[PDB]
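Asker: Just so it is clear, I am handing over input_30.cif, which has mmCIF, C-alpha atoms and all ligand atoms.
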data_structure
loop_
_atom_site.group_PDB
_atom_site.id
_atom_site.type_symbol
_atom_site.label_atom_id
_atom_site.label_comp_id
_atom_site.auth_asym_id
_atom_site.auth_seq_id
_atom_site.Cartn_x
_atom_site.Cartn_y
_atom_site.Cartn_z
ATOM 1 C CA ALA A 1 0.000 0.000 0.000
ATOM 2 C CA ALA A 2 1.072 3.580 -0.715
ATOM 3 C CA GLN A 3 -0.113 6.687 1.099
ATOM 4 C CA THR A 4 0.776 9.776 -0.920
ATOM 5 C CA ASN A 5 1.731 13.079 0.724
ATOM 6 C CA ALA A 6 2.237 11.301 4.022
ATOM 7 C CA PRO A 7 3.704 13.004 7.083
ATOM 8 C CA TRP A 8 7.494 12.961 6.695
ATOM 9 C CA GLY A 9 7.934 10.528 9.592
ATOM 10 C CA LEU A 10 5.710 7.874 8.031
ATOM 11 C CA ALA A 11 7.557 8.225 4.718
ATOM 12 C CA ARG A 12 10.850 8.006 6.621
ATOM 13 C CA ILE A 13 9.958 4.797 8.374
ATOM 14 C CA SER A 14 9.410 3.011 5.014
ATOM 15 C CA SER A 15 12.410 4.513 3.247
ATOM 16 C CA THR A 16 16.133 3.842 2.907
ATOM 17 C CA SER A 17 16.531 7.592 2.242
ATOM 18 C CA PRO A 18 15.362 10.867 3.746
ATOM 19 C CA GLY A 19 13.489 13.364 1.589
ATOM 20 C CA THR A 20 10.524 11.376 0.321
ATOM 21 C CA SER A 21 6.825 11.857 0.994
ATOM 22 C CA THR A 22 5.035 8.550 0.364
ATOM 23 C CA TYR A 23 4.495 5.952 3.110
ATOM 24 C CA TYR A 24 4.639 2.318 1.927
ATOM 25 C CA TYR A 25 3.336 -0.536 4.093
ATOM 26 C CA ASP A 26 1.688 -3.936 3.969
ATOM 27 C CA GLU A 27 -2.118 -3.563 3.816
ATOM 28 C CA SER A 28 -2.497 -5.813 6.900
ATOM 29 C CA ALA A 29 -1.669 -2.528 8.710
ATOM 30 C CA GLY A 30 -1.503 -3.930 12.254
ATOM 31 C CA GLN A 31 -4.971 -5.532 12.097
ATOM 32 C CA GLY A 32 -5.433 -7.915 15.019
ATOM 33 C CA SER A 33 -2.823 -6.170 17.159
ATOM 34 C CA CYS A 34 -3.447 -3.778 20.066
ATOM 35 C CA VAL A 35 -1.562 -0.711 21.222
ATOM 36 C CA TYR A 36 -2.063 0.873 24.634
ATOM 37 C CA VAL A 37 -1.270 4.557 24.759
ATOM 38 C CA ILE A 38 -0.452 5.382 28.351
ATOM 39 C CA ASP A 39 -0.713 9.162 28.437
ATOM 40 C CA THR A 40 -3.213 12.035 28.839
ATOM 41 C CA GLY A 41 -5.993 9.984 27.180
ATOM 42 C CA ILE A 42 -7.249 9.669 23.591
ATOM 43 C CA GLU A 43 -10.063 11.573 21.916
ATOM 44 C CA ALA A 44 -11.573 8.355 20.595
ATOM 45 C CA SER A 45 -14.344 10.204 18.721
ATOM 46 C CA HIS A 46 -11.790 11.789 16.372
ATOM 47 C CA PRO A 47 -12.771 10.749 12.801
ATOM 48 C CA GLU A 48 -9.136 9.766 12.269
ATOM 49 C CA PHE A 49 -9.555 6.793 14.626
ATOM 50 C CA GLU A 50 -12.535 5.294 12.758
ATOM 51 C CA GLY A 51 -13.985 3.600 15.860
ATOM 52 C CA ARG A 52 -10.718 1.712 16.533
ATOM 53 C CA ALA A 53 -9.829 3.788 19.621
ATOM 54 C CA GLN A 54 -11.337 3.617 23.082
ATOM 55 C CA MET A 55 -10.549 4.705 26.595
ATOM 56 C CA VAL A 56 -10.140 1.744 28.946
ATOM 57 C CA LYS A 57 -8.836 3.421 32.134
ATOM 58 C CA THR A 58 -8.450 6.760 33.846
ATOM 59 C CA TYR A 59 -7.150 7.811 37.286
ATOM 60 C CA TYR A 60 -8.811 11.253 37.108
ATOM 61 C CA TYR A 61 -12.320 12.777 37.014
ATOM 62 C CA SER A 62 -12.595 12.053 33.293
ATOM 63 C CA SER A 63 -11.144 9.708 30.701
ATOM 64 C CA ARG A 64 -11.232 12.541 28.166
ATOM 65 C CA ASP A 65 -7.982 13.895 26.803
ATOM 66 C CA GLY A 66 -8.150 17.543 27.906
ATOM 67 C CA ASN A 67 -4.564 18.117 26.794
ATOM 68 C CA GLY A 68 -4.008 16.759 23.292
ATOM 69 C CA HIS A 69 -0.671 14.998 23.833
ATOM 70 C CA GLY A 70 -2.141 11.485 24.217
ATOM 71 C CA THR A 71 -4.366 12.001 21.191
ATOM 72 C CA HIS A 72 -1.363 13.120 19.136
ATOM 73 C CA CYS A 73 0.670 10.058 20.172
ATOM 74 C CA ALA A 74 -2.270 7.723 19.535
ATOM 75 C CA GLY A 75 -2.637 9.293 16.079
ATOM 76 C CA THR A 76 0.997 8.481 15.230
ATOM 77 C CA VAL A 77 0.447 4.880 16.339
ATOM 78 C CA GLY A 78 -2.798 4.185 14.533
ATOM 79 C CA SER A 79 -4.782 7.030 12.917
ATOM 80 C CA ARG A 80 -5.905 6.534 9.316
ATOM 81 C CA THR A 81 -3.839 9.468 7.959
ATOM 82 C CA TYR A 82 -1.140 10.040 10.573
ATOM 83 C CA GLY A 83 -0.560 6.511 11.850
ATOM 84 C CA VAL A 84 2.002 3.788 11.260
ATOM 85 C CA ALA A 85 -0.384 0.864 11.979
ATOM 86 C CA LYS A 86 -3.590 2.073 10.412
ATOM 87 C CA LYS A 87 -5.772 -0.907 11.438
ATOM 88 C CA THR A 88 -4.543 -1.543 14.990
ATOM 89 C CA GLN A 89 -6.841 -1.328 18.033
ATOM 90 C CA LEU A 90 -5.965 1.648 20.263
ATOM 91 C CA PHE A 91 -6.560 1.595 24.025
ATOM 92 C CA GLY A 92 -6.179 4.751 26.090
ATOM 93 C CA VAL A 93 -4.952 4.668 29.692
ATOM 94 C CA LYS A 94 -5.038 8.124 31.219
ATOM 95 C CA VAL A 95 -2.191 8.274 33.766
ATOM 96 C CA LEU A 96 -1.452 11.932 33.013
ATOM 97 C CA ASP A 97 -3.750 14.792 33.947
ATOM 98 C CA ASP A 98 -4.899 17.476 31.512
ATOM 99 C CA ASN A 99 -1.763 19.483 32.329
ATOM 100 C CA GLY A 100 0.342 16.497 31.181
ATOM 101 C CA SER A 101 1.484 15.703 34.739
ATOM 102 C CA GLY A 102 1.240 12.472 36.695
ATOM 103 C CA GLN A 103 2.511 10.943 39.900
ATOM 104 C CA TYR A 104 4.855 7.991 39.536
ATOM 105 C CA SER A 105 2.475 5.881 41.653
ATOM 106 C CA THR A 106 -0.282 6.500 39.102
ATOM 107 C CA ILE A 107 2.033 5.729 36.192
ATOM 108 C CA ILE A 108 3.076 2.458 37.840
ATOM 109 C CA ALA A 109 -0.554 1.484 38.464
ATOM 110 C CA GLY A 110 -1.300 2.217 34.789
ATOM 111 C CA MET A 111 1.494 -0.118 33.638
ATOM 112 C CA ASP A 112 0.343 -2.939 35.914
ATOM 113 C CA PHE A 113 -3.199 -2.246 34.643
ATOM 114 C CA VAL A 114 -2.147 -2.821 31.024
ATOM 115 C CA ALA A 115 -0.310 -6.045 31.902
ATOM 116 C CA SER A 116 -3.590 -7.423 33.294
ATOM 117 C CA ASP A 117 -6.050 -5.664 31.015
ATOM 118 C CA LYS A 118 -4.604 -7.228 27.851
ATOM 119 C CA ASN A 119 -6.200 -10.468 29.075
ATOM 120 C CA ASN A 120 -9.584 -8.750 28.659
ATOM 121 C CA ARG A 121 -8.887 -7.736 25.054
ATOM 122 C CA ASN A 122 -8.690 -9.489 21.696
ATOM 123 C CA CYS A 123 -5.167 -9.013 20.357
ATOM 124 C CA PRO A 124 -4.339 -12.241 18.505
ATOM 125 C CA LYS A 125 -1.370 -10.614 16.747
ATOM 126 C CA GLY A 126 0.063 -9.213 19.967
ATOM 127 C CA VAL A 127 0.139 -6.264 22.323
ATOM 128 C CA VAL A 128 2.215 -3.054 22.429
ATOM 129 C CA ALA A 129 2.356 -0.237 24.994
ATOM 130 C CA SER A 130 3.547 3.260 24.099
ATOM 131 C CA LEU A 131 4.811 5.456 26.969
ATOM 132 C CA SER A 132 5.565 9.002 25.842
ATOM 133 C CA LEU A 133 6.398 10.127 29.352
ATOM 134 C CA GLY A 134 9.174 10.171 31.900
ATOM 135 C CA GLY A 135 10.820 11.781 34.872
ATOM 136 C CA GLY A 136 13.925 11.345 36.969
ATOM 137 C CA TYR A 137 15.423 7.925 37.648
ATOM 138 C CA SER A 138 13.156 5.629 39.683
ATOM 139 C CA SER A 139 13.808 1.953 40.233
ATOM 140 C CA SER A 140 10.098 1.391 40.932
ATOM 141 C CA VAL A 141 9.063 3.025 37.638
ATOM 142 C CA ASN A 142 11.688 0.982 35.770
ATOM 143 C CA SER A 143 10.515 -2.192 37.500
ATOM 144 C CA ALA A 144 6.902 -1.533 36.471
ATOM 145 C CA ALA A 145 8.023 -1.084 32.831
ATOM 146 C CA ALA A 146 10.089 -4.295 33.138
ATOM 147 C CA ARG A 147 7.046 -6.186 34.474
ATOM 148 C CA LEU A 148 4.850 -4.929 31.639
ATOM 149 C CA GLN A 149 7.445 -6.076 29.096
ATOM 150 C CA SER A 150 7.904 -9.435 30.880
ATOM 151 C CA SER A 151 4.122 -9.972 30.801
ATOM 152 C CA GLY A 152 4.243 -10.141 26.979
ATOM 153 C CA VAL A 153 3.756 -6.519 25.935
ATOM 154 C CA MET A 154 6.139 -4.741 23.576
ATOM 155 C CA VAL A 155 6.976 -1.676 25.672
ATOM 156 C CA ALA A 156 8.202 1.423 23.860
ATOM 157 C CA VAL A 157 9.263 4.422 25.954
ATOM 158 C CA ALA A 158 10.478 7.963 25.206
ATOM 159 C CA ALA A 159 14.172 8.597 25.797
ATOM 160 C CA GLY A 160 13.332 12.119 27.047
ATOM 161 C CA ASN A 161 13.883 15.660 25.783
ATOM 162 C CA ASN A 162 16.798 16.844 27.942
ATOM 163 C CA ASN A 163 19.641 16.522 25.396
ATOM 164 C CA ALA A 164 21.274 14.337 28.061
ATOM 165 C CA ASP A 165 22.091 10.729 28.841
ATOM 166 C CA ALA A 166 18.813 8.822 29.229
ATOM 167 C CA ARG A 167 20.422 6.717 32.026
ATOM 168 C CA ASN A 168 19.124 9.342 34.457
ATOM 169 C CA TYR A 169 15.466 9.147 33.442
ATOM 170 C CA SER A 170 12.635 6.627 33.917
ATOM 171 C CA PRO A 171 11.243 4.538 32.353
ATOM 172 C CA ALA A 172 13.830 5.466 29.640
ATOM 173 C CA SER A 173 16.636 3.859 31.633
ATOM 174 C CA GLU A 174 14.954 0.465 32.046
ATOM 175 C CA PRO A 175 17.157 -1.826 29.911
ATOM 176 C CA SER A 176 14.501 -4.415 29.058
ATOM 177 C CA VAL A 177 12.106 -2.035 27.250
ATOM 178 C CA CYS A 178 12.552 -0.253 23.902
ATOM 179 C CA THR A 179 13.957 3.223 24.574
ATOM 180 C CA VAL A 180 13.326 5.573 21.678
ATOM 181 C CA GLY A 181 15.255 8.719 20.696
ATOM 182 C CA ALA A 182 14.116 11.341 18.189
ATOM 183 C CA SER A 183 15.352 12.365 14.729
ATOM 184 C CA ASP A 184 14.413 15.136 12.270
ATOM 185 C CA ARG A 185 13.519 15.096 8.576
ATOM 186 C CA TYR A 186 17.176 15.672 7.633
ATOM 187 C CA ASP A 187 18.309 12.627 9.623
ATOM 188 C CA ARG A 188 19.857 14.679 12.424
ATOM 189 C CA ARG A 189 19.399 13.623 16.023
ATOM 190 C CA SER A 190 16.654 15.980 17.229
ATOM 191 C CA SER A 191 18.145 18.910 19.159
ATOM 192 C CA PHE A 192 16.384 17.935 22.385
ATOM 193 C CA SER A 193 16.710 14.139 22.116
ATOM 194 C CA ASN A 194 18.321 12.237 24.930
ATOM 195 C CA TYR A 195 21.053 9.783 24.006
ATOM 196 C CA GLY A 196 23.285 7.189 25.677
ATOM 197 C CA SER A 197 23.938 3.444 25.721
ATOM 198 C CA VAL A 198 20.388 2.696 26.918
ATOM 199 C CA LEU A 199 18.787 3.921 23.663
ATOM 200 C CA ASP A 200 17.646 1.076 21.429
ATOM 201 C CA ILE A 201 16.430 2.987 18.393
ATOM 202 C CA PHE A 202 15.543 6.364 16.922
ATOM 203 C CA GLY A 203 12.301 7.363 15.291
ATOM 204 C CA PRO A 204 10.944 10.556 13.717
ATOM 205 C CA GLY A 205 10.381 13.156 16.445
ATOM 206 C CA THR A 206 10.775 16.694 15.088
ATOM 207 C CA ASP A 207 7.764 18.423 13.499
ATOM 208 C CA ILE A 208 5.398 15.453 13.546
ATOM 209 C CA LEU A 209 1.874 16.019 12.226
ATOM 210 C CA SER A 210 -0.868 14.056 13.979
ATOM 211 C CA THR A 211 -4.341 14.205 15.535
ATOM 212 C CA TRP A 212 -5.255 16.682 18.254
ATOM 213 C CA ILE A 213 -8.261 17.266 20.502
ATOM 214 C CA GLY A 214 -11.366 19.015 19.162
ATOM 215 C CA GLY A 215 -11.183 16.825 16.032
ATOM 216 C CA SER A 216 -8.127 18.757 14.901
ATOM 217 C CA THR A 217 -4.499 18.210 13.853
ATOM 218 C CA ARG A 218 -1.150 19.802 14.636
ATOM 219 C CA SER A 219 2.576 19.374 14.402
ATOM 220 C CA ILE A 220 4.667 19.050 17.577
ATOM 221 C CA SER A 221 8.100 17.681 18.497
ATOM 222 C CA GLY A 222 9.526 15.336 21.090
ATOM 223 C CA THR A 223 10.789 11.886 21.890
ATOM 224 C CA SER A 224 7.069 11.546 22.728
ATOM 225 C CA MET A 225 6.454 11.679 18.971
ATOM 226 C CA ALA A 226 9.251 9.206 18.085
ATOM 227 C CA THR A 227 7.981 6.607 20.569
ATOM 228 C CA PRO A 228 4.566 5.957 18.909
ATOM 229 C CA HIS A 229 6.308 5.535 15.525
ATOM 230 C CA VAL A 230 8.205 2.615 17.076
ATOM 231 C CA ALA A 231 5.121 1.320 18.934
ATOM 232 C CA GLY A 232 3.070 1.376 15.730
ATOM 233 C CA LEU A 233 5.972 -0.240 13.832
ATOM 234 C CA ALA A 234 6.065 -3.071 16.411
ATOM 235 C CA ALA A 235 2.303 -3.648 16.082
ATOM 236 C CA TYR A 236 2.609 -3.686 12.277
ATOM 237 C CA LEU A 237 5.503 -6.195 12.347
ATOM 238 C CA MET A 238 3.725 -8.402 14.877
ATOM 239 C CA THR A 239 0.619 -8.509 12.650
ATOM 240 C CA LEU A 240 2.913 -9.665 9.811
ATOM 241 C CA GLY A 241 4.205 -12.438 12.097
ATOM 242 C CA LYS A 242 7.769 -11.179 11.671
ATOM 243 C CA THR A 243 8.430 -10.721 15.365
ATOM 244 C CA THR A 244 6.896 -11.020 18.852
ATOM 245 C CA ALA A 245 6.373 -8.693 21.842
ATOM 246 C CA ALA A 246 9.499 -10.094 23.556
ATOM 247 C CA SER A 247 11.711 -9.779 20.472
ATOM 248 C CA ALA A 248 10.314 -6.752 18.593
ATOM 249 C CA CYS A 249 12.722 -4.137 19.933
ATOM 250 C CA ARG A 250 15.695 -6.346 18.926
ATOM 251 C CA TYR A 251 14.076 -7.046 15.539
ATOM 252 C CA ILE A 252 13.560 -3.328 14.928
ATOM 253 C CA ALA A 253 17.205 -2.681 15.829
ATOM 254 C CA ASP A 254 18.321 -5.586 13.581
ATOM 255 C CA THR A 255 16.380 -4.241 10.608
ATOM 256 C CA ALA A 256 16.936 -0.496 11.153
ATOM 257 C CA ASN A 257 18.578 1.919 8.776
ATOM 258 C CA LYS A 258 22.127 1.896 10.158
ATOM 259 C CA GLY A 259 24.653 4.698 10.348
ATOM 260 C CA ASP A 260 22.456 7.290 8.621
ATOM 261 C CA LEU A 261 21.851 9.757 11.474
ATOM 262 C CA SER A 262 24.039 12.753 12.232
ATOM 263 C CA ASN A 263 25.041 14.197 15.621
ATOM 264 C CA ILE A 264 24.788 10.826 17.324
ATOM 265 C CA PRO A 265 27.192 10.928 20.303
ATOM 266 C CA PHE A 266 29.885 8.285 20.403
ATOM 267 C CA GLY A 267 28.438 5.284 22.240
ATOM 268 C CA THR A 268 24.811 5.838 21.204
ATOM 269 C CA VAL A 269 23.275 3.526 18.565
ATOM 270 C CA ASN A 270 22.960 4.972 15.071
ATOM 271 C CA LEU A 271 19.775 3.128 14.181
ATOM 272 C CA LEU A 272 16.624 4.530 12.611
ATOM 273 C CA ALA A 273 13.334 2.591 12.710
ATOM 274 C CA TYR A 274 12.516 1.085 9.317
ATOM 275 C CA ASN A 275 9.745 -1.275 8.202
ATOM 276 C CA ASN A 276 11.759 -2.920 5.378
ATOM 277 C CA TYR A 277 8.555 -3.135 3.365
ATOM 278 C CA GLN A 278 9.158 -4.134 -0.222
ATOM 279 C CA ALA A 279 6.409 -4.217 -2.835
HETATM 280 CA CA CA B 1 16.405 -1.696 25.746
#
Let me see the structure of the file written as structure tokens.
Ligand SMILES: [Ca+2]

Answerer:
Amino acid sequence: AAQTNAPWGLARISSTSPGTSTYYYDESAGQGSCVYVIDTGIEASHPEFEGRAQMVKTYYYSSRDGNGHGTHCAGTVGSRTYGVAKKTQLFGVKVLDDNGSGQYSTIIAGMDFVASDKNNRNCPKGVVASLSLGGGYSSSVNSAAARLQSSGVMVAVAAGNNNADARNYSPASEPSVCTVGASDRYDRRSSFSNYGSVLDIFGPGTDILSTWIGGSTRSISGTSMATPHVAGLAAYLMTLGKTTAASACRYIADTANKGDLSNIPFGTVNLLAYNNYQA
């Protein structure tokens, strides 16, 4: 399948070169997979989600996304126009309030929720969780992310936007999950992207167009935007039967575009998420 005039990040993820504008992918499109977006919520009524998104949990007075961030990330995972895995099932878990803030205890509870809740969902092709969030190092936050991964969920987490070593942030620093840095449309490490040995992969993160609340769209930047590219890529590959939740991060690293990013600090992987789709 070919989507013309796609957001640059989608085109990037199916290309061996920067500078193109068509996204190419297998029509299976993540059907039969599930992605949990653990964030500020998802505006499930957005036409871009086509009835494939729903809120399954909130820790606040509403499950509505009053911020936009979770909706944007969910759109990069699975919206019809802005998404990597255009037929996946999207599940919103609102651990972040409408200001985009959340206590670590809430975030941990949300991760343990997803590990159990997947057993209440139909995801025959497998389950992914996208965590575009983080704070300072916490062993308990890392452990929760490790449990979620261990439970059979492909966990993708933002490296963080501090232009610093991700070793000092959680859940970024949890080794067993997939820690995602950000790149721009010219294949530079994004200016704000964290780096370090703990990164597994980079995805598009600067100037990413996606869904927003009020049935809208906008472009924003962050490792928060790179993460759902990788989460959607995992769901797509799992639907194709090419990998599993336990092995998807490794598979993505194995099959990445290698050595093509600039301003990657010595000791950080130079690997850019790539679907290796050939028609
Ligand atoms: Ca890792």

Asker: Around ligand CA 1 (chain B), which protein and nucleic acid residues have at least one atom no more than 8 Å from it, if we count all atoms listed in the file? List them as JSON, numbers by chain.

Answerer: {"A": [174, 175, 176, 177, 178, 179, 198, 199, 200, 249]}

Asker: Which residue is closest to residue 235 (chain A)? Choose from A:135, A:32, A:152, A:68 and count all atoms listed in the file.

Answerer: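 Among the listed residues, A:32 lies closest to residue 235 (chain A).
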
Asker: Could you expand the PyMOL selection byres (((chain A and resi 157-159) around 6) and not hetatm) into the explicit residues it covers here, written as a list in words?

Answerer: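 Expected selection for the PyMOL selection byres (((chain A and resi 157-159) around 6) and not hetatm) here is residues 131, 132, 156, 160, 166, 172, 179, 180, 181, 194, 223, 224 and 227 of chain A.
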
Asker: Generate a file of the selected residues that holds C-alpha atoms, formatted as a CSV table (one decimal), in the coordinates of the input.

Answerer:
chain,number,residue,atom,x,y,z
A,131,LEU,CA,4.8,5.5,27.0
A,132,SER,CA,5.6,9.0,25.8
A,156,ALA,CA,8.2,1.4,23.9
A,160,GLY,CA,13.3,12.1,27.0
A,166,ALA,CA,18.8,8.8,29.2
A,172,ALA,CA,13.8,5.5,29.6
A,179,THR,CA,14.0,3.2,24.6
A,180,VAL,CA,13.3,5.6,21.7
A,181,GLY,CA,15.3,8.7,20.7
A,194,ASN,CA,18.3,12.2,24.9
A,223,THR,CA,10.8,11.9,21.9
A,224,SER,CA,7.1,11.5,22.7
A,227,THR,CA,8.0,6.6,20.6

Asker: Hey, which bits of region 125-216 of chain A sit within 7 Å of region 12-24 of chain A, and for each residue what's the closest pair of atoms and how far apart in Å (one decimal), counting only C-alpha atoms, rows by chain and increasing number, as CSV?

Answerer:
residue,atom,partner,partner_atom,distance
A:185,CA,A:18,CA,6.7
A:186,CA,A:18,CA,6.4
A:187,CA,A:18,CA,6.8

Asker: Produce a file of the selected residues containing C-alpha atoms, as an mmCIF file, in the coordinates of the input.

Answerer:
data_model
loop_
_atom_site.group_PDB
_atom_site.id
_atom_site.type_symbol
_atom_site.label_atom_id
_atom_site.label_comp_id
_atom_site.auth_asym_id
_atom_site.auth_seq_id
_atom_site.Cartn_x
_atom_site.Cartn_y
_atom_site.Cartn_z
ATOM 1 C CA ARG A 185 13.519 15.096 8.576
ATOM 2 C CA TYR A 186 17.176 15.672 7.633
ATOM 3 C CA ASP A 187 18.309 12.627 9.623
#

Asker: For the PyMOL selection byres (((chain A and resi 251-264) around 8) and not hetatm), applied here, can you spell out every residue it catches as a PyMOL selection string?

Answerer: chain A and resi 16+183+187-189+195+200-201+234+243+247-250+265-266+268-276

Asker: Do you have the CA of residue 202 (chain A)-CA of residue 36 (chain A) distance handy?

Answerer: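 A separation of 20.0 Å between them.
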
Asker: What is the CA of residue 128 (chain A) to CA of residue 49 (chain A) distance in Å?

Answerer: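 One can read the CA of residue 128 (chain A) to CA of residue 49 (chain A) distance as 17.2 Å.
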
Asker: Counting only C-alpha atoms, note down every residue that has an atom within 10 Å of the point (-8.0, 5.7, 27.8) (file coordinates), as number ranges by chain.

Answerer: A: 36-44, 53-59, 62-65, 70-71, 90-95

Asker: To one decimal place in Å, what is the distance between CA of residue 76 (chain A) and CA of residue 130 (chain A)?

Answerer: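 It comes out at 10.6 Å.
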
Asker: Restricting the calculation to all atoms listed in the file: of A:99, A:163, A:151, A:138, which residue gets closest to residue 114 (chain A)?

Answerer: A:151
